[PDB]
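> part one of the complex, left exactly where it sits:
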Amino acid sequence: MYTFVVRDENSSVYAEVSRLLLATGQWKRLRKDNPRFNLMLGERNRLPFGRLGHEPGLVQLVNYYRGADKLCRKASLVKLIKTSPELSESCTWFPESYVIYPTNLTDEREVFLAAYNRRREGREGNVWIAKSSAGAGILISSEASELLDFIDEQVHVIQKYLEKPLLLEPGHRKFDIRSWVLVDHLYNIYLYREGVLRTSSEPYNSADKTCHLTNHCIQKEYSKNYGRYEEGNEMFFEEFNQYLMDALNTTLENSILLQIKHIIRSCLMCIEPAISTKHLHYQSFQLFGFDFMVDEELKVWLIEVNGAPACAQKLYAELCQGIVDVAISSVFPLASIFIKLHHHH
């Protein structure tokens, strides 16, 4: 009879995991402040990692990797890619990005302007985007003056805006690919076989942020074609793969999925020495949400990594069961839907 505690009532993913654990009849839930637990579904902010692994006779497992925020923060991700030799500033699958602290507060203002002028002089597309972790507040402009003035009005980052995205037909619309990745206590990297494309219901216009931001909340609030093409502006891999074969004469695995798996491994292997719990007094696993962008050349670009992601309604049951199977039951056995990305530890 294993025990666990719930410290994040707003987690829809682990609310199902907690429900599944109870349904097994072998997991007993405890008060959120009871220390004699085997598993902790910890809170998002200020998770007391320092108090884990100090209970004699209790194998303790938590659903978050301490130090993973470096990968799940806008500014942190940019700094990690540039400063990490495994990724290097010459990274080809990550858009050119710069960290810009507001003037009312190192910083990369002068470095950003140096590359901006090169594009303006070189006649190249000089459209950038500004964003931060304190958003639902994103500004897309071709003038660097508006981007810098907007930040001054929270640390923000500016990266190159992909002006040539792969547009789905019919519709001539934008989209993004969400991939769920589970890393267990052994640091095996499991990629959920099922992905989702959060597509924009409005035609892409390169000359209004409704057709540029593929967020599910913006498409269901400011878009007038929500659910026209696919239910909830969510196209799954089965349909997307069929489209790639009919339109571009290729498969999702070859044109896109190979680059996605390559990007997932590079990011997770880079921080492995810093967050691995191999020889630690407590063990960690975590579910990640990778968001990618595809251009017209079928090149995959990494946009953001979410450490506390949600899941598609139709995929909650399958994914949450996989979490219990490979992540929880592997440490606490009771009485595949993932693709293992093998690597060197």
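Perfect, thanks for sending it. Residues are numbered from 1 along each chain as shown, chains lettered A, B, ... in the order given.
> got a list of what residue A:176 touches?
Contact partners of residue A:176, counting by Cβ atoms under 8 Å, 6 or more residues apart in numbering, are A:197, A:198, A:214, A:291, A:292, A:293, A:303. The way it works is simple: take the backbone N, C-alpha and C, and place the C-beta from them, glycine included.
> 6 Å instead?
Counting by Cβ atoms under 6 Å, 6 or more residues apart in numbering, residue A:176 touches A:198, A:214, A:291.
> Could you measure from it over to residue A:40?
According to Cβ to Cβ, to the nearest Å, residue A:176 stands 32 Å off from residue A:40.
> and the contacts of residue A:176 as CSV, adding neighbour count, distance to residue A:76 and secondary structure?
What follows is those, written out as CSV (neighbours: other Cβ atoms under 10 Å; distance: Cβ to Cβ, whole Å; DSSP: H, G, I helix; E, B strand; the rest coil):
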residue, neighbour count, distance to residue A:76, secondary structure
A:198, 22, 23, strand
A:214, 24, 23, coil
A:291, 17, 15, strand
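> is it possible to export those residues to TSV including distance to residue A:131?
Shown next, in TSV, are the contacts of residue A:176 (distance: Cβ to Cβ, whole Å):
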residue	distance to residue A:131
A:198	16
A:214	13
A:291	12
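> burial of residue A:260, as a residue count?
The burial count assigned to residue A:260 is 22, neighbours taken as other Cβ atoms under 10 Å.
> Which secondary structure element is home to it?
In the assignment (DSSP states H and E), residue A:260 maps to helix A:258-275.
> just checking, what packs against that helix?
strand A:300-306 (3 or more Cβ pairs under 6 Å, 6 or more residues apart in numbering; DSSP states H and E).
> partner strands of the strand it packs on, parallel or antiparallel?
Here strand A:300-306 is paired, per DSSP bridges, with strand A:286-294 (antiparallel).
> add chain B to the structure above:
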Amino acid sequence: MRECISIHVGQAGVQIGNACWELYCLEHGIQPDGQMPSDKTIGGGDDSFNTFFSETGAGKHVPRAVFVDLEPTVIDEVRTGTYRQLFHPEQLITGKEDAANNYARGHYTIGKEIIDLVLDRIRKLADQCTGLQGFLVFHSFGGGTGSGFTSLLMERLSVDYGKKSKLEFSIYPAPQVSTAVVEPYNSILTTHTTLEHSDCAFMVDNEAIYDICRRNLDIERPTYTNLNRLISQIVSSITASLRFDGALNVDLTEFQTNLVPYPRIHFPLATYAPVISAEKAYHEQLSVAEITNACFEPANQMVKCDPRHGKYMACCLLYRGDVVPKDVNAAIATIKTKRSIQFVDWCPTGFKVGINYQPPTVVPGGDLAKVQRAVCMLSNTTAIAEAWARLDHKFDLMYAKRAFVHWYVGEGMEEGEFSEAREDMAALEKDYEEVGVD
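That brings us to chain B, laid onto the chains above:
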């Protein structure tokens, strides 16, 4: 040559002290009767080992140590132990009824009645010193005497020896061997009143020592004897520079200079390697790189915590045995390319290295196997604050209900001292977070 006086308070302090001086004698070739054949200066001398041992006209090398306990049962072991001939009776001070795991009882009630006697006995040893550096104080956090009387003694020492340095070896409480539920109370109370009086304190979590004994020594249920044997090895590695010829950490002042840039943050993390079981007849001797790499494994630290999620302010490598500087630098370079070692911006990213050619000494018949080379790393990491957070959380749980508080108030202590000590720990935790977190 400048003398150091060792002070052992309470059961934990006394028993750990007994194991250390046993190891010192083996290391310096001092026999149980106090004779030292290698010492050719009979009755005197200013050698490195004389910082811990005085010499009589008859050639006896008497440790510069004082043993104090509010109950006589533990110190009576030393009076009839193997090394009973080392200490003269004036060095062993015992009461009749102990502090009953009550800080207030050890600090106010019983401590007030024996404090003057302890100081007078310490004064006797101080008068034998041409130039006293300071004191080394051994005690537990959780015991009533170790916590309550130690804090009273540290205050008086600051008054009577204002210019002398004071270092601590403190036993952090662990339930697997704990003897009282109020040990979180006593830990915070003693840390609050001792913080401004200690220049450098080496905390040893019994949990870490307990698990190292079970994992590396194959001891199913480690006892205090098993724990103290291992603790004495770490203590010996820390004090070896004071007892042998060398150029690193040659005096107590250098410990603060090299390990403590900020006074309040004076709790360095100790990591030791290798710990090999004596039952293993033949064990593959570890290299310099391997034992150096093990210094960055939480499983070998005296306090379980993750330095990867903190920042370093200083770091010393204390090697014993077959170790040359060339091999140390090669191991350090490799570790930098595979480990997460973040220093604070206002400090250089480097290591102070000390090498003593004599390999570690092991007590005959003990549980530790003889090794050709060993290392103890002393790093001032903010990650050690995890031990404060754990301790403070348990304090908060009990104090919110005032559980057991009446025992302390009944001894004359005011309830306000609880919240005062807790607020000081809250500030201490805040300082660590400001230094190690962005």
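> In light of the added chain B, please revisit the contacts of residue A:176.
By Cβ atoms under 6 Å, 6 or more residues apart in numbering or on different chains, the contact set of residue A:176 is A:198, A:214, A:291.
> Would you mind measuring from residue B:418 to chain A?
For residue B:418, the distance to chain A equals 21 Å [Cβ to the nearest Cβ, to the nearest Å].
> now that residue, nearest residue through space, not along the chain?
Once flanking residues are discounted, residue B:418 sits nearest to residue B:399: 6.0 Å by Cβ to Cβ, 6 or more residues apart in numbering or on different chains.
> contacting residues around residue B:104?
Listed by Cβ under 6 Å, 6+ apart, the contact partners of residue B:104 are B:408, B:411, B:413.
> On the three-state scheme, whichever residue of the stretch 1-150 of chain A sits closest to chain B is what?
Chain B sits closest to residue A:50 of the stretch 1-150 of chain A, with a gap of 3.4 Å, by Cβ to the nearest Cβ. What DSSP: H, G, I helix; E, B strand; the rest coil gives for residue A:50 is helix.
> show me what contacts whatever residue of the stretch 101-250 of chain B ends up closest to chain A?
Taking Cβ to the nearest Cβ, chain A has its nearest neighbour within the stretch 101-250 of chain B at residue B:176, 5.0 Å off. By Cβ under 6 Å, 6+ apart, the contact set of residue B:176 is A:56, B:210.
> Quick one: name the residues of the stretch 51-200 of chain B near chain A.
Those residues of the stretch 51-200 of chain B that sit near chain A, judged by Cβ under 6 Å from any Cβ of the partner chain, are residue B:176.
> 8 Å instead, please
B:175, B:176 (Cβ under 8 Å from any Cβ of the partner chain).
> what separates the strand or helix carrying residue A:75 from the chain centre, distance-wise?
Element membership for residue A:75 (DSSP H and E) is helix A:74-83. Offset of helix A:74-83 from its chain centre (Cα atoms, centre = their mean, to the nearest Å): 14 Å.
> and chain C on top of that:
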Amino acid sequence: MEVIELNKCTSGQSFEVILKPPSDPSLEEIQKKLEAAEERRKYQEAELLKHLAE
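Following on from the chains above, chain C is added here:
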């Protein structure tokens, strides 16, 4: 990686390696606290004896 302050003797040697440059209460007050606490004990015990006398 720079090695500095190399000191060698018969029993060992020490040195430093740099990998990157940087970027009390008086005796009077003590006795007052001890006596203050002892006085509170006397007050508490006197009240108990008063209670037992009733």
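> Once more for the contacts of residue B:176, now including chain C?
The contact partners of residue B:176, taken as Cβ atoms under 8 Å, 6 or more residues apart in numbering or on different chains, are A:56, B:206, B:207, B:210.
> CA atoms only for the helix holding residue A:75, dumped as PDB, please.
The C-alpha coordinates for helix A:74-83 follow below in PDB (Å, rounded to 0.1, in the frame of the first residue of the first chain):
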ATOM      1  CA  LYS A  74      11.900  32.200 -21.700                       C
ATOM      2  CA  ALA A  75      15.100  34.000 -20.600                       C
ATOM      3  CA  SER A  76      16.500  30.900 -19.000                       C
ATOM      4  CA  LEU A  77      16.200  28.900 -22.100                       C
ATOM      5  CA  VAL A  78      17.900  31.500 -24.200                       C
ATOM      6  CA  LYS A  79      20.800  31.800 -21.800                       C
ATOM      7  CA  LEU A  80      21.100  28.000 -21.600                       C
ATOM      8  CA  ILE A  81      21.300  27.500 -25.400                       C
ATOM      9  CA  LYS A  82      23.900  30.300 -25.900                       C
ATOM     10  CA  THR A  83      26.200  29.400 -23.000                       C
END
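> ok, it near chain B or not?
No. Shown here: helix A:74-83 not in contact with chain B (Cβ under 8 Å from any Cβ), separated by at least 9.8 Å.
> Show me what that helix packs onto, helices and strands only.
Packing partners of helix A:74-83 (3 or more Cβ pairs under 8 Å, 6 or more residues apart in numbering or on different chains; DSSP states H and E): strand A:97-100, strand A:128-132, strand A:156-160, strand A:300-306.
> ok so, going back, select from the contacts of residue B:176 every entry located in helices.
B:206, B:207, B:210 (DSSP state H).
> What residue, apart from its backbone neighbours, is nearest the second one spatially?
Nearest in space to residue B:207, with sequence neighbours left out and distances taken as Cβ to Cβ, 6+ apart, is residue B:174 at 3.8 Å.
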